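Starting off, we have a lone chain in the form solved without coenzyme A, written out as structure tokens.
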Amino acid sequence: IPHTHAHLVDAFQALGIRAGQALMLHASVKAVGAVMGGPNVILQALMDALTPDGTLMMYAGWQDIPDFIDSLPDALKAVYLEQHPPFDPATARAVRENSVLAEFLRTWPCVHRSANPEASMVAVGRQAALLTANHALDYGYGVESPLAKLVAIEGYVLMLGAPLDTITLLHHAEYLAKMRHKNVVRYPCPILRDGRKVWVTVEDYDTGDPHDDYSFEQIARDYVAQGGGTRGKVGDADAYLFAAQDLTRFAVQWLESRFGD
């Protein structure tokens, strides 16, 4: 008895999903268990609960981003600079980890994808263009980003069996928080400009390691423990539903009270 479309819709609504919401999804397709019609039915079920007036977004990134070329032998780097393809939002594949549904969402009609290669987001639904447009290359989790806009339209984050450590929105809280010190990274990336490949330097806060003695798992568990969000079962997966505005405010205060200057 694999989970049916209807069964998942009702579990989404029991958790708190409602028509018209803008939401960002993090999922582990494995944790949900078998679904009748396969993993795409998870998305169809979710968009059914959201209705066409709602919006669904996921983090895609770019699996093949060649941001490591400086650590290669000079001779190999030269080959990358000539032969590695640029970020193409039409065909660039999503990061491997917890992303089967993101790759699925990229074949949906009317999908939008933001232009920042490393921080690329995909979205479908009413506010999909708004969320994804004019995504700055530098500080791609900052003020000119789909995360900033998700907070601004009072959207949500849904964890569908995905670990609390993987909440991309918390990088936006890192961006906002006034902290003693934040690590800056500067790395190369080929992109399309007027149809032609150009390599640029991208500047960003480091998102590979926390800027201080904390983890996102820590912050999220502290949030849930003080009453943040709702928790519930969806298929076989443990699910959480958070308000983006409230989570971001909580996380910024959390970081500023422990690591401010």
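For clarity, a rigid core is taken as the largest C-alpha set superposing within 1.5 Å between two forms. Counting begins at 1, following the sequence as shown.
Remark: when the other structures in 6 other deposited structures of this protein are fitted onto this one via the rigid core, 103-111 deviates more than the alternative among 170-178 and 103-111, judged by RMS CA distance. Comparing the two stretches 90-98 and 74-82 by root mean square C-alpha distance in 6 other deposited structures of this protein, with all structures fitted on the core, the more displaced one is 90-98.
Mean C-alpha B-factor is higher over 102-110 than over the other stretch, the pair under comparison being 102-110 and 132-140. Between 192-200 and 57-65, the higher mean Cα B-factor belongs to 192-200. Considering 252, 22, 243, 14 together, the PDB entry gives 14 the largest C-alpha B factor. Ranking 163, 155, 146, 85 by the C-alpha B-factor listed in the PDB entry places 163 at the top. In this PDB entry, the Cα temperature factor of residue 211 sits in the middle third of its chain's modelled residues.
In the deposited entry, the Cα temperature factor of residue 75 places it in the highest third of its chain's modelled residues. Ranked by Cα temperature factor within the chain, residue 221 sits in the middle third according to the deposited record. Residue 228: CA B factor in the lowest third of modelled residues in this chain (values from the PDB entry). Residue 32: CA B factor in the middle third of modelled residues in this chain (values from the PDB entry).
One more form of this protein exists, namely the form deposited with coenzyme A bound; it is left out here, but the text below deals with it.
In summary, the binding site of this form is blocked: after superposition of the surrounding C-alphas, coenzyme A from its pose in the deposited bound form has 3 or more atoms within 2.4 Å of backbone or C-beta atoms. Residue contact check for residue 163: one or more of its heavy atoms lie within 4.5 Å of coenzyme A in the deposited bound form. Interface residue remark: residue 97 is counted as part of the site for coenzyme A in the deposited bound form, having a heavy atom within 4.5 Å. Contact check for residue 139: every heavy atom lies farther than 4.5 Å from coenzyme A in the deposited bound form.
Proximity of residue 27 to coenzyme A in the deposited bound form: non-hydrogen atoms within 4.5 Å are present. Checking 166-174, 106-114, 149-157, 74-82 against coenzyme A in the deposited bound form, the stretch whose residues place heavy atoms within 4.5 Å of it is 166-174.
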